[PDB]
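Beneath this line is the structure, given in structure tokens, with notes to follow.
Any read-out appearing in this document is the output of simple, stated calculations on the displayed coordinates, not a laboratory observation. Cβ placement follows ideal geometry from the backbone for every residue including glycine, while neighbour counts extend to all protein chains displayed.
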Amino acid sequence: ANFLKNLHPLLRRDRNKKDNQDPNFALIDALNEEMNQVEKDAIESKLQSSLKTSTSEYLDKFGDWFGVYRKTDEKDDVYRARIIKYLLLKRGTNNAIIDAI
Amino acid sequence: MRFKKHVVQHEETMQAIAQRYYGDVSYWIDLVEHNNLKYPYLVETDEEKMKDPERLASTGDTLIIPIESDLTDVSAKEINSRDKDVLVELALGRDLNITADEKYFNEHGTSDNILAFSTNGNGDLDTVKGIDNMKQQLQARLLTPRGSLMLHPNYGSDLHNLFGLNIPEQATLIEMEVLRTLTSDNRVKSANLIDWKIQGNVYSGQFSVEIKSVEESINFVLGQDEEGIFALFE
Amino acid sequence: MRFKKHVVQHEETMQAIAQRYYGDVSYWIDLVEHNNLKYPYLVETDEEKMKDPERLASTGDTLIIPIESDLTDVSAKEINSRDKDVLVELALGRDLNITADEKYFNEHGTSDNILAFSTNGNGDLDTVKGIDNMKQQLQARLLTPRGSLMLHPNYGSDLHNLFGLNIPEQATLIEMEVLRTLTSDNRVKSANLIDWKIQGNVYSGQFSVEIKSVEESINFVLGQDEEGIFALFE
Amino acid sequence: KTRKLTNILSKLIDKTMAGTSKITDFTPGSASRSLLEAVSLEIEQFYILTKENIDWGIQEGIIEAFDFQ
Amino acid sequence: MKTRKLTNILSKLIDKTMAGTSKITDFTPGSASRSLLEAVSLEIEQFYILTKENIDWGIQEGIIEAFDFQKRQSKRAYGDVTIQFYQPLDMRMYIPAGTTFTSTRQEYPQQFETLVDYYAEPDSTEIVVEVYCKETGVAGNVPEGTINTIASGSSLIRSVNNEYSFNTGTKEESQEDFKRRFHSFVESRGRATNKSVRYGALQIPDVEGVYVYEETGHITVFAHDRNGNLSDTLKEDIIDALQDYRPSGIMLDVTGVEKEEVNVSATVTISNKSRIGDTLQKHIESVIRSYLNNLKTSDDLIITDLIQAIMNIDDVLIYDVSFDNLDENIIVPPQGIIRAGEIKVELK
């Protein structure tokens with residue numbers, strides 16, 4: 001969101017007093033809105049690269065890597081909990097059999 | 001690739017065309033073969049052409065002469081004045097107008113936030129072309145401090161620091177800096193001092209700028225035809 | 001070793017710094033890596049820096065630019081006048097004041113036991129620096145007979161033997177001896193006669209001494225920075 | 001893997017030329033070129049941001065789910 | 001990343017531009033403002049696409065890095081060679097490692113060498129020695145009868161021959177197999193189960209396939225290499241790997257599969273009789289070898305499947321096919337496998 005900072009210095013950064021309909025300010029602010037929105041999306045994109053904070057499509061990628069597939073109407077929280085549990089399954093004893101039953 | 005195209009003139013002949021272009025009548029058979037013409041090559045009117053439209057050509061039809069033509073190495077005397085104007089316009093480039101409202105940024109030349117885009121009155125962004133484009137570029141370079149523009153350390157001028165004493169030494173410094181700035185532009189062939197004076201607090205001067213001639217711009221644009229960019233990356 | 005250190009300015013950017021120092025914006029990623037910065041490299045104020053003080057820098061913080069800087073090859077125009085004064089003071093050296101009481105050893109110039117140490121009035125030994133130091137050294141060399149100083153056969157002057165007749169020949173001998181003595185000093189760039197006269201028993205003369213310029217002393221001291229001695233062994 | 005500043009600027013210029021012939025001056029100091037350069041710098045910075053986030057995610061994203069800090 | 005598209009971004013930019021000023025109202029094609037905003041929006045779209053692709057790539061990289069589940073590289077071919085002498089030996093001759101084996105058949109100019117020393121006893125007529133291809137990859141999968149030279153130069157050697165076609169040579173691992181073995185890893189985090197035993201037996205890269213035969217209080221692990229063999233060293237390595245995974249207190253045994261070697265002699269008729277030659281014969285033999293070696297465990301040989309595989313090489317050029325040693329389908333049990341023996345083709 002350093003668009004105004006790295007802009008050409010002579011260009012105006014502020015809507016001029018002499019004209020409320022200054023097209024220069026309109027164009028600059030339009031571009032700045034898109035720049036800020038892309039920055040916000042890029043910041044939020046970190047949540048998709050972590051299994052703890054991932055969501056629908058990227059969480060499905062994680063579960064396909066782990067071999068666990070989403071069930072019908074299965075939400076993200078229970079799905080990630082199911083994946084974690086599936087990784088951590090005890091096997092080979094009476095307690096594990098009882099838990100599976 | 002590019003080839004000449006000839007319109008059939010009134011009562012013309014293939015020998016005359018061959019003499020006109022190839023410099024020898026012998027190529028008329030080659031011209032026939034390339035254009036695929038039957039024996040009455042140039043008929044009097046379209047009624048005769050109706051008999052065989054494929055293999056015959058009438059007055060006003062266009063023939064192709066396969067000689068490798070090139071827009072460069074063309075005499076500029078043949079070029080129309082409007083064509084010359086368009087060619088120099090292309091050579092000097094087209095850019096969005098920012099130097100509108102001359103009075104405002106002339107009152108505040110050293111400060112920032114001085115210039116802005118403007119509309120052409122037809123709903124589209126304003127544009128400056130040719131001499132206007134050169135004016136805009138030179139004003140922007142002179143007003144811009146050197147090193148302030150990102151990705152271009154050398155673009156600009158040092159006039160913001162030349163607000164010194166009112167003596168001939170500072171006047172010479174200003175003149176030398178302005179000449180450096182103007183010479184920095186590749187299009188500016190040369191610049192030189194005309195006259196200057198000091199009125200105490202106010203310094204005044206004027207300069208003469210000689211842009212590349214019409215011949216040089218025409219040659220440059222017509223040579224650009226080989227590449228097809230038709231754009232400036234100086 | 002030595003490196004540049006940059007203070008973050010208001011609404012500055014890493015690209016602008018890289019352009020300013022390295023001459024190209026491309027080094028901003030290298031600047032990030034070396035300083036170990038997180039994505040909001042230059043925050044608006046310290047409230048944002050509180051979120052992550054280690055990995056973020058706010059306005060007024062100091063960044064390190066790893067470019068090998070050297071105090072020599074620095075333009076003397078940037079150096080402050082006080083800095084220039086200190087540099088020339090270092091170049092001409094600091095020595096204990098012995099030429100106090102000018103009247104006494106001017107009355108008895110040729111004799112021994114003429115000068116002595118003195119106090120600065122603050123309980124510490126008196127010191128002469130810069131032009132005063134040069135004055136003291138030149139007076140001591142002129143007053144000292146040549147060959148009388150232990151471990152230095154050449155240091156001194158022969159004026160004690162030039163109490164000859166009152167004719168232009170002895171005046172020329174005196175002038176030549178004084179010029180030799182002044183030229184013996186490495187700091188004295190040159191010396192020359194101004195005017196002289198004879199009044200019977202009394203001979204009178206005056207000389208012009210041109211010490212090394214400010215530029216030369218600045219260059220010498222800043223070049224001494226590589227060694228760190230900052231002392232004179234001439 | 002990722003674009004860079006020069007490539008982004010070149011592609012912006014090429015797309016602008018393709019879209020219209022009304023602009024042909026892309027020299028240094030031009031307002032249009034300055035705008036495109038600012039956009040290209042912002043996009044390169046966003047690319048670096050994504051690279052940082054992915055580098056963090058490669059080495060912390062999975063394990064962080066198992067309550068390991 | 002929300003996966004925006006170009007049209008919406010351009011529409012949003014134009015809408016905000018119109019909202020910010022009433023002067024700009026010309027956003028037709030060919031206009032300066034439309035071109036600029038189109039270029040910006042296209043760059044944003046490309047950024048979003050490449051970000052999505054990079055995130056997908058980084059998920060795979062994080063999976064690899066977290067568990068240290070390195071991808072398996074290309075494997076060099078290896079096999080065994082038979083060597084015969086004029087008469088039974090009296091000296092216990094010594095063959096050091098690095099003894100090079102080559103082939104005069106210029107179609108397969110690859111070289112082989114022994115990685116371990118061998119000794120031939122006195123009063124012995126032949127010796128089997130394991131060899132490894134110098135070059136990695138598929139290039140070492142020569143057919144039977146290729147290797148026929150030994151570079152040691154010993155006078156006692158009568159003849160050299162590899163009795164079976166090599167198949168262990170393979171290229172780099174595929175993505176699907178990597179993901180499959182990662183699923184096996186996840187499944188086998190519980191050590192004591194059947195799938196976990198199968199993973200532990202498959203933990204060795206050289207093992208191709210494993211069949212875990214289960215009884216009450218006894219486990220039998222049928223394992224084989226790419227060639228269908230199971231050397232003693234590989235058996236010991238499998239056992240050592242299974243020490244961590246096998247259940248405690250239950251007997252376990254490792255044995256090789258019941259490999260069955262099939263010899264094929266095919267008479268084939270050709271419509272275009274000028275195409276007859278060594279090339280067509282070698283190509284058909286290579287196809288047959290590939291079909292036989294691609295059979296997995298518990299895969300029953302069907303003669304009609306082989307017929308269609310041979311005929312699909314060129315349905316027009318090839319006229320008819322007949323087998324001189326096969327007449328009925330071969331049933332393979334769960335613990336068996338078929339591998340190619342001597343393949344011969346006669347062109348008519």
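Return the residues of segment E:22-41 that are small (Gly, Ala, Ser), more than 8 Å from chain D (Cβ to nearest Cβ) and buried (at least 18 other Cβ atoms within 10 Å of the Cβ); say none if nothing qualifies.
E:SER33, E:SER41
Residues in segment B:101-130 that are out of contact with any helix residue (DSSP H, G or I) (no Cβ under 6 Å at 6 or more places or on another chain), within 13 Å of chain D (Cβ to nearest Cβ) and either under 23 Å from B:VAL188 (Cβ atoms) or among the acidic types (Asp, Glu) (or both): B:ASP124, B:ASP126, B:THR127.
For segment D:42-51, the candidate set comprises residues that are within 11 Å of chain E (Cβ to nearest Cβ) and of a type outside the set (S, T, N, Q); within that set, the residue that is surrounded by the fewest Cβ atoms within 10 Å (Cβ to Cβ) is D:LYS51. Of everything listed in (1) without any contact (Cβ under 8 Å) to a residue 12 or more places away in the chain; (2) among the hydroxyl-bearing types (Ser, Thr, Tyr); (3) not in a helix (DSSP H, G or I), the single unmet condition for E:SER11 is (3).
Okay, residues lined up against (1) under 20 Å from the mean Cα position of the chain (by Cα); (2) not in a loop (DSSP other than H, G, I, E, B):
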site: E:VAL160; (1), (2): no, yes
site: E:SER165; (1), (2): yes, no
site: E:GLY190; (1), (2): no, no
site: E:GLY200; (1), (2): yes, yes
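The set of residues in segment C:113-134 that are surrounded by 10 or more Cβ atoms within 10 Å (Cβ to Cβ), assigned to a loop (DSSP other than H, G, I, E, B) and of a type in the set (D, E, K, R) contains only C:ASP126. I'm checking my understanding of the structure. Among residues of segment A:33-58 that are surrounded by 20 or more Cβ atoms within 10 Å (Cβ to Cβ) and part of a helix (DSSP H, G or I), which one is nearest to the other protein chains (Cβ to nearest Cβ)? Among those that are surrounded by 20 or more Cβ atoms within 10 Å (Cβ to Cβ) and part of a helix (DSSP H, G or I), it is A:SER49.
Looking at this structure, is B:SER75 over 30 Å from B:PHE163 (Cβ atoms), of a type in the set (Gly, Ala, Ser), loosely packed, with under 13 Cβ neighbours inside 10 Å and away from chain D (no Cβ under 14 Å)? Judged against the criteria, B:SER75 is a match. Scanning segment B:41-59 turns up no residue that is aromatic (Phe, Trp, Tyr), without any contact (Cβ under 8 Å) to a residue 12 or more places away in the chain and either surrounded by 11 or more Cβ atoms within 10 Å (Cβ to Cβ) or closer than 29 Å to B:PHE233 by Cβ (or both). Evaluation of E:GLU260 against the conditions (1) within 14 Å of chain A (Cβ to nearest Cβ); (2) closer than 19 Å to E:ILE337 by Cβ; (3) surrounded by fewer than 18 Cβ atoms within 10 Å (Cβ to Cβ); (4) not polar (S, T, N, Q) shows that the sole unmet condition is (1). With respect to the stated conditions, C:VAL8 is touching a strand residue (DSSP E or B) at 6+ places or on another chain (Cβ under 7 Å), under 21 Å from B:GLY147 (Cα atoms), surrounded by 12 or more Cβ atoms within 10 Å (Cβ to Cβ) and touching a residue at least 12 places away in the same chain (Cβ under 8 Å).
From the residues in segment E:221-254 that are outside any strand (DSSP E or B) and of a type in the set (A, V, I, L, M), which one is farthest from A:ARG91 (Cα to Cα)? My answer is E:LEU230. Taking residues in segment E:128-141 that are without any contact (Cβ under 8 Å) to a residue 60 or more places away in the chain, and partners anywhere that are assigned to a helix (DSSP H, G or I), the pairs with Cβ atoms closer than 9 Å and at least 6 places apart or on different chains are E:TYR132/E:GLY140; E:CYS133/E:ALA139; E:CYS133/E:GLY140; E:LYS134/E:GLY140.
Within segment B:162-186, being part of a helix (DSSP H, G or I), in contact with a helix residue (DSSP H, G or I) (Cβ under 9 Å, 6 or more places away or on another chain) and not hydroxyl-bearing (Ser, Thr, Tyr) holds for B:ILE174, B:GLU177, B:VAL178, B:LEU182.
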